[PDB]
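Reckoned from all heavy atoms, side chains included, excluding hydrogens, waters and symmetry mates. Note that the numbering runs from 1 along the sequence shown for the chain. When a ligand or atom number is given, it counts from 1 through the structure's own listing order.
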Amino acid sequence: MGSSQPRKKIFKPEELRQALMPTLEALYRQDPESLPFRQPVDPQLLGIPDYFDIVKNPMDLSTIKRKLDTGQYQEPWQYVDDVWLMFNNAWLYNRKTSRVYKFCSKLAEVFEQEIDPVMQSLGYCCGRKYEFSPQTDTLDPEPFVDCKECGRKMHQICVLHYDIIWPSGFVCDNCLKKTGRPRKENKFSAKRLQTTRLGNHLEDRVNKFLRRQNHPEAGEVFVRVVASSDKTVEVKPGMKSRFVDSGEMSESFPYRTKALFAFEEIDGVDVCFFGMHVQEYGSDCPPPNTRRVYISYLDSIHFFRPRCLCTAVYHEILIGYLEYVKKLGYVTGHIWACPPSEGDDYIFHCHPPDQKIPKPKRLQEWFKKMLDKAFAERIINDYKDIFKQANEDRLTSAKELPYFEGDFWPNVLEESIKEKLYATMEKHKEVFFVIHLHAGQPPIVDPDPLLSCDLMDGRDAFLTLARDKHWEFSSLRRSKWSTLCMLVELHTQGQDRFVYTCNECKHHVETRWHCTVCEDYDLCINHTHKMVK
Ligand SMILES: CC(=O)N[C@H](CCCCNC(=O)CSCCNC(=O)CCNC(=O)[C@H](O)C(C)(C)COP(=O)(O)OP(=O)(O)OC[C@H]1O[C@@H](n2cnc3c(N)ncnc32)[C@H](O)[C@@H]1OP(=O)(O)O)C(N)=O
Ligand SMILES: [Zn+2]
Ligand SMILES: [Zn+2]
Ligand SMILES: [Zn+2]
Ligand SMILES: [Zn+2]
């Protein structure tokens, strides 16, 4: 097997000895923490015969020092990988409450502290040994790319290189300043996903708000509707035969589902921090579902900058959605407030281990405070829970309460099969909401076109793809990377591909004169703004 790269970077052994030794030096000054590591583990003095069955590749400061002093490391990544193996042997063998498990953890604290800057000034990205979180002995490792002009291996996630965007391979930042070239634009941005009237409304609401209270670190927000499609919820068999042969209510119930996502710019790159999936039941839907919206589910990653404003803008998103559907025809929404189960993630693949998922009362009062802001906001004219809304809007049978896809009531009515029910309504009353947009006739019209995009049809597609491809949202850097790859997924697996149209003639034109500041204004030659060809 024969390989090449004609002007690689190799480090003279005294070079990387001089660069790396201060970091080992640090590890060594940690007394006593470093003491069980200055020499190899001797199971004869410790009385642990099983050790070399558990730890197959021992490593210790003295071995790394000997390797360093005799130039056995040709690239700093081998140095780094050796000391991480030492730490990983420490963590693997000893219980997480061990004394030397703790020692190990502190040594790792300070080796992280020291290795990032030196590795950086040796051209590389960090000095970390990274691994993806497990699924279902093995772990999958983080990916690397090798710079094309210098050969310095770097964490793909760290430097955010994706071949599909820059198909000529990867070249580092320094190898570019060395050639005076600037970086090539990521066209596959959140901003440049298809913009749409709904998403524009939400993003305008929160952008004005975060200007209103402006922390200097907050960045631009982009809301975007990434899929939209006409589905119908089929009525479950028992529940169906007691009311459809009757003819009281319909076989199916037609709605439009929309998946919509929010991105913030953080360190100059989009970081997708919020997602939502709604079912909207139009004016032509047979009752009970007529003119109702329902948020099928919500999800969030807490890396919004600044975490102070986090919740305020989650709320401004939700209430902007209520405002928008209000304005064009719907009259009641519905927020079943159910906490994320198990280790089940709603919309985003792998959540940050330090992001606490609420218990239902936290959840219920969060929804309640968002709703209160909406009431005060002139926007929603009232709201109350499902029980006090089912007996105030007096109701005697089951085909009278909305019947949504994947909702709880459909399934519990279904299993009330062997017949009580009217009373379970207010056991779970504070988790199910009812939301009145109007106080109080012309039909709904959705300006926004359909967006066929299977990855965002429902929620299983995107989670599955992300679990495969390891797009986790567990780190700000992993989130950055997963946002990147998800955006080029949305951009290049456009199940819609466009039949452009000009705007003064409503024609269908191959060559057109786009406008720069209009959101989509083209003109077939055959006007105010600066048009470009
Ligand atoms: C059968 C089946 O599967 N069926 C289902 C059917 C679908 C159900 C449909 N229903 C829904 O869609 C219901 S709404 C969506 C529920 N899902 C989630 O919420 C996902 C995870 N959570 C979040 O994204 C967020 O919490 C969010 C609610 C979006 C906003 O959070 P936040 O940032 O505004 O504040 P915080 O998180 O409440 O907490 C804010 C403070 O609370 C703290 N905190 C939170 N939780 C806890 C806790 N448990 N213990 C202690 N402290 C705790 C936290 O430290 C923090 O502190 P600080 O502000 O000082 O830093 C299926 N289809 O899978
Ligand atoms: Zn790195
Ligand atoms: Zn380079
Ligand atoms: Zn024309
Ligand atoms: Zn224009």
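Short contacts between ligand 1 and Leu298, defined as distances under 4.0 Å to a heavy atom of the residue, involve ligand atoms 12 (O), 15 (C), 17 (N). Short contacts between ligand 1 and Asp299, defined as distances under 4.0 Å to a heavy atom of the residue, involve ligand atoms 20 (C), 24 (O). Near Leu363, with a cut-off below 4.0 Å to any heavy atom, the atoms of ligand 1 are 28 (C). In the vicinity of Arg459, heavy-atom distances shorter than 4.0 Å reach the ligand 1 atoms 64 (O).
Judged as a side-chain contact (heavy atoms from CB on, under 4.5 Å), and not counting sequence neighbours, the contacts of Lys429 are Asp385, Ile386, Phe387, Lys388, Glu426. For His215, the side-chain contact (heavy atoms from CB on, under 4.5 Å) partners are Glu217, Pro306, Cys308, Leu309, not counting sequence neighbours.
Around atom CZ of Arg378, no more than 12 heavy atoms belonging to other residues, nucleotides or ligands sit under 6.0 Å away. Atom CD of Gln355 has more than 12 heavy atoms from other residues, nucleotides or ligands within 6.0 Å. Crowding of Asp173 atom CG: a count of heavy atoms from other residues, nucleotides or ligands under 6.0 Å not exceeding 12. Other residues, nucleotides and ligands contribute only 12 or fewer heavy atoms inside 6.0 Å of the CD atom of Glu234. Within 6.0 Å of NZ in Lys12 there are 12 or fewer heavy atoms belonging to other residues, nucleotides or ligands. When the shell of 6.0 Å around CD of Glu265 is examined, it contains more than 12 heavy atoms from other residues, nucleotides or ligands. The environment of CD in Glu109 is sparse: at most 12 heavy-atom neighbours from other residues, nucleotides or ligands sit within 6.0 Å.
Taking a distance limit of 4.0 Å, we find that atom 44 (N) of ligand 1 is approached by some protein heavy atom. When distances from atom 53 (C) of ligand 1 to the protein are checked, a heavy atom turns up under 4.0 Å. For atom 60 (O) of ligand 1, no protein heavy-atom neighbour is present inside the 4.0 Å cut-off.
Of the protein's non-hydrogen atoms, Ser296 O, 3.0 Å is the one closest to atom 9 (C) of ligand 1. Remark: minimum distance from atom 12 (O) of ligand 1 to any protein heavy atom is reached at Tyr297 CA, 3.1 Å. Shortest contact from atom 21 (C) of ligand 1 to any protein heavy atom: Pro340 CG, 3.6 Å.
Formation of a donor-acceptor pair under 3.5 Å by the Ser416 side chain with backbone atoms of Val412 is not found in this model. In terms of modelled atom types and a separation under 3.5 Å, the side chain of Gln279 and the main chain of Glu405 share a donor-acceptor contact. A distance-only check finds no donor-acceptor pair linking the side chain of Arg17 to the backbone of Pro13 [under 3.5 Å]. Between the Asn89 side chain and the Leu85 main chain, a donor and an acceptor come within less than 3.5 Å of each other.
The shortest distance between side-chain heavy atoms of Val159 and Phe170 falls below 4.5 Å. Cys150 is not listed as a side-chain neighbour of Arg7, based on a closest heavy-atom distance of 4.5 Å or more. Side-chain atoms of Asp345 and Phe473, non-hydrogen and from C-beta on, never get closer than 4.5 Å to each other. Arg459 places a side-chain heavy atom less than 4.5 Å from the side chain of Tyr297. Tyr403 is not listed as a side-chain neighbour of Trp409, based on a closest heavy-atom distance of 4.5 Å or more. Residues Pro352 and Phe303 meet the side-chain proximity criterion, which asks for heavy atoms closer than 4.5 Å. Side-chain contact between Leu371 and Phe433: present, with at least one pair of heavy atoms (C-beta onward) separated by less than 4.5 Å.
Around the Zn ion (ligand 3), the protein N, O or S atoms found under 2.8 Å comprise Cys147 SG, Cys150 SG, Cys172 SG, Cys175 SG. For the Zn ion (ligand 2), protein N/O/S neighbours under 2.8 Å (waters excluded) are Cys125 SG, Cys126 SG, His155 ND1, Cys158 SG.
Checking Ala337, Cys338, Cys308 against atom 16 (C) of ligand 1, the nearest heavy atom belongs to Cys338. Taking each of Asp407, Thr311, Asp345 in turn, the one with a heavy atom nearest to atom 32 (P) of ligand 1 proves to be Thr311. Here atom 38 (O) of ligand 1 lies nearest to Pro358 when heavy atoms of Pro358, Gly406, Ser341, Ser300 are compared. For the residues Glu342, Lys361, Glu365, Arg362, the heavy atom positioned nearest atom 48 (C) of ligand 1 is part of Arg362. Within the set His302, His277, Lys356, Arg307, the minimum heavy-atom distance to atom 40 (C) of ligand 1 is found for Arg307. The closest non-hydrogen atom to atom 14 (S) of ligand 1, taken over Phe367, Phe274, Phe348, comes from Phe367.
Contacts with ligand 1 closer than 4.0 Å are made by heavy atoms of both the backbone and the side chain of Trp336. The residue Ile335 has no part lying near ligand 1, judged by heavy-atom distances below 4.0 Å.
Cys104 and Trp91 get closest at one heavy-atom pair: SG-NE1, 3.4 Å.
Not one N or O of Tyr346 is nearer than 3.5 Å to an N or O of ligand 1, by distance alone. Residue-to-ligand polar distances keep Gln355 apart from ligand 1: every N/O pair is separated by 3.5 Å or more. Looking at ligand 1, you'll find an N or O of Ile357 within less than 3.5 Å of one of its N or O atoms. Between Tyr314 and ligand 1, no N or O atom pair is found at a separation short of 3.5 Å. Distances between N or O atoms of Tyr294 and those of ligand 1 include no value under 3.5 Å.
Residue contacts with ligand 1 do not include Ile347, since none of its heavy atoms lies under 4.0 Å from the ligand.
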